[PDB]
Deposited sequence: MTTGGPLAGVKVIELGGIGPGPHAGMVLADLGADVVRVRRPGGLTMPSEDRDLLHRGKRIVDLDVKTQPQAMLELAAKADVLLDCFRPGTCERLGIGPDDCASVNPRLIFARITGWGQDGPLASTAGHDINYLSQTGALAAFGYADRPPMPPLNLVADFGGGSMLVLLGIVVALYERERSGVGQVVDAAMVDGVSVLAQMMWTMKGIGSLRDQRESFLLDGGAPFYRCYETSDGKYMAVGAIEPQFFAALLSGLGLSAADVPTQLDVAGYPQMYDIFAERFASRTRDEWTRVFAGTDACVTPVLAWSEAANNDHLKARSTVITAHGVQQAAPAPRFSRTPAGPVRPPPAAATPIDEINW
């Protein structure tokens, strides 16, 4: 039942990255157990939060009697502000005494140390300091955050997840766990390495919509269709640019060359023109199966019924509602079928550890 089967995990804070990491841990077979006060004002109801599926809720106001729990656990996922966790009985030091095999993970937007460390903030904020946000969106309108996928999960949840499974492989040889500091601002900055590479090389400019991946290239952006929908183009490689020009019913000689940056504004118009003369459906048909790198922008509802995502069963309907199947996928020790979120809190003495 999952490659991470047998791993005892203790989830504390209940928001964004914290719980999302917990989820994956459970999805991969780990025995995850949330610890939170009963008067929880969580939204939605835990029993309806896909971020808690496969987990077990346990009332336990922090009464330091939990140090007794950690000692039996492998991982402790701290999700509170820095310090608060050690302000109470629990903490990297205390836990160390009760269990030196413990993996003290900590997901934060600012990290443990630093001036901003005490400051409160969210995904949009952490992205403001890294410079990633300032490289998003159209030139005129202010920067618009990609929901909270970049910092909270892409560079938050995944970061602490990486750190945990790594701190596991470590102690699984050093026989001793340690503290893992997962800072969102850190993760995002690493997710942006390619940009830094560019920045040093001189491939970046000052204004937005100038780079290759920020809309500055007509062959890598979105075009509205006749029926008010959208198509996503990413014809980067010259070979794929060919396909794009082909299915679009355009002769290479008609449209400027990829190299003719100066004529991009014109290429955009030619692309916008053609793309808006048909419906997403028709277009999807045309570029279908070709290496043109042209796909239809699907909505949540639309995606869950997508042929590909269905075949590979990425978005499945597990007892209840539509959701995302565990990932990545393992060949010999795959993830068992998805269990539902905790229908009701489990006692505490009915643990297992």
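When the deposited sequence is numbered from 1, the segments without any C-alpha atom are 1-3, 66-68.
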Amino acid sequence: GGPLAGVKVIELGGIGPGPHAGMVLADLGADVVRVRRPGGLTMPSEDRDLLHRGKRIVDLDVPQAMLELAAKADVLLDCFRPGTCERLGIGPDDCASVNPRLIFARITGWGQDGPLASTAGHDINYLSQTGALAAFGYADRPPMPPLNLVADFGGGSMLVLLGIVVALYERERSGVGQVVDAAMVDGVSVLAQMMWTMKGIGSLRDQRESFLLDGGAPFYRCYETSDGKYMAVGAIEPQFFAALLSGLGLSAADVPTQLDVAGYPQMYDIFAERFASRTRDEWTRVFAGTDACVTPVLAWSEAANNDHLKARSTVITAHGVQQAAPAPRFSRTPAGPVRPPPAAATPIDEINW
From here on, numbers count along this sequence of modelled residues.
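Stretches 331-339 and 17-25 differ in mean C-alpha B factor, with the higher average recorded for 331-339.
Mean CA temperature factor is higher for 40-48 when stretches 40-48 and 297-305 are set side by side in the entry. Which of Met231, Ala252, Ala235, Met195 has the largest Cα B-factor in the deposited entry comes down to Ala252. Among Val315, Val32, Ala311, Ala288, the highest C-alpha B-factor recorded in the PDB entry belongs to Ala288. In the PDB entry, a CA B factor belonging to the highest third of its chain's modelled residues is recorded for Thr84. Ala325 sits in the lowest third of its chain by CA B factor, as recorded in the PDB entry. In the PDB entry, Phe240 places in the middle third of its chain by CA B-factor.
In the deposited entry, the Cα temperature factor of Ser97 places it in the highest third of its chain's modelled residues. Per the deposited record, the Cα B-factor of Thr257 falls in the middle third when ranked against the other modelled residues of its chain.
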